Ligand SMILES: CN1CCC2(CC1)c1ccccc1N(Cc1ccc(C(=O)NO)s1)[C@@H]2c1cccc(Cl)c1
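Let's start with one chain on its own, the form solved without the ligand, as structure tokens.
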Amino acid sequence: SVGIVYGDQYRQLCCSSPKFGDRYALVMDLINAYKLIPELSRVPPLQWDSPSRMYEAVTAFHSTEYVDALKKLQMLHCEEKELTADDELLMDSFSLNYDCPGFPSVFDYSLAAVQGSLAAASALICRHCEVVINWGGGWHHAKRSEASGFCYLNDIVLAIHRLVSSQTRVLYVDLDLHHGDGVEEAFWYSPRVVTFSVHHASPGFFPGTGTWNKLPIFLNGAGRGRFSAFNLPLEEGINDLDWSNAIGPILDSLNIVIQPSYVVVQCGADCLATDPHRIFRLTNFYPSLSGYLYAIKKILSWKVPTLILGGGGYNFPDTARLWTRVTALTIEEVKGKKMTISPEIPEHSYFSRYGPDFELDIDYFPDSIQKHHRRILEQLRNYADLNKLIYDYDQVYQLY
């Protein structure tokens, strides 16, 4: 079946942050308004038997002292008093400041995404679901002991760790506008988790990595993980077709050579033309075919158990518009069952958020890459050689 993570408490927690507001409620209620929920298997978020078990799960990646600080941050923000100078310094040492501030539910909010993505990994491992979707997860920037880009706990890394520890190889595909630095870093030394991020990069643009680092070079992993971290940085303004042609052959080549046991896709919605970032010009169109839907369709065609996660996306109605279509496409491709979606937003609780036109399409009128393809193809060959993987070089070369 196709699973999707939700629950009443889960929804409350995912809607408790100052930055993402009620975005999760709009996403799930649009999916419900299009009558998709009966097609989906609800996957409940993971809960634990004790504080000690919870800490064991989260500190599989994060440090105990970072988790301690994040829990303390929530406790401090549940009291009226200002933080002490010592406590401010403590939070600063974990980057729990500026773009990752405290708020009264910051620990429960961050933990909830972990609970959802770990439950999603488990549903794939026991084969209850072929694909599981978690639109409350996808927080790819968080590091072992550092919050980053309103990511506090890295649910993706923890989900992948549960998958790889279930010859298991995971392919991670990061479609967010931003480089997936936290996930890349976590698996920098691991050949069994191959990471691939497509993103914008330019001087001063967050987080700064995923690009050229004497002709400067692309770093791509270290130790036994050399050549196992893949990146495609793209110039601003790219449209659905050029983004699809840029990543399409890379995705197919990675699947052929790696033969992954699981695929984990981060589907951050900030590449939409209507995102306030206004960097890329992707759409959610489904006849100009949405780059997101193109990539998800291709990944799902491999018939590999797959985890689909959220991420960025600061236009909340248009994020719901895109992820609703991703969800319908996943049902269609997995179950072989057509999903008809009206071009008009159905009546429901959040209908007013989709004005003034109330349509499902977002409101938008639509050399360098060749060199990246040759570089990435050589890195894939180097990865295959280093890791004793066999494949016909010319079936792969033909893809490009």
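Numbers for residues come from their place in the sequence shown, where the first is 1.
Form deposited with the ligand bound: not shown, discussed below.
Peer 1: Among the candidate residues 190, 209, 122, 239, which is the single one with a non-hydrogen atom no more than 4.5 Å from the ligand in the entry with it bound?
Peer 2: Exactly one residue meets the criterion: 209.
Peer 1: Could you check which residue among 324, 290, 231, 253 gets a heavy atom within 4.5 Å of the ligand in the entry with it bound?
Peer 2: The option sitting close enough to the partner is 231.
Peer 1: Please pick out the stretch from 114 to 122, 182 to 190, 74 to 82, 243 to 251 that is in contact with the ligand in the entry with it bound, where contact means heavy atoms within 4.5 Å.
Peer 2: Within 4.5 Å of the partner lies stretch 182 to 190.
Peer 1: Does at least one non-hydrogen atom of residue 219 fall within 4.5 angstroms of the ligand in the entry with it bound?
Peer 2: Output for residue 219 is yes: heavy atoms within 4.5 Å of the ligand.
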